[PDB]
């Protein structure tokens, strides 16, 4: 009941960080709690008392990755467009238009507000440090992790960052 939702779409409002090394060659990823073998980036629900998305983003980056640094860019918004859980056994599923196919119209699950952070410190002890792993990855490696994790929206956030893509 601390959770904030879009007054328009009902999507849950979430903020997180693309945390880059000063040389911009690697990004910090954490293992998912829902899927322990899948590598994602730190993010979490904005809480009712938080005054801005930067606050949520830096709180989640500390709670989930033991990462501290400074926000150096606003990477804007991306949306979790994954269908509902009930969808799989539904009657109508897809919409087709002559030269393309799309999944049937639905509201986003989540609206993500992402910021790029320059890592200033990684600490060995942090709130979720026994419940998650956290590791730096080059662009090529991070990109493959996020496809494997089935999170293209997190890949879109990574691609807006200043991470060096010429590995």
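Positions refer to the first chain, counted from 1.
Two stretches are in play, 99 to 107 and 131 to 139, and the higher mean C-alpha B-factor belongs to 99 to 107. When the C-alpha B-factors of 68 to 76 and 86 to 94 are averaged, 86 to 94 comes out higher. Among 60, 54, 49, 116, the highest C-alpha B-factor in the deposited entry belongs to 49.
When the modelled residues of the chain are ordered by C-alpha B-factor, residue 148 sits in the middle third.
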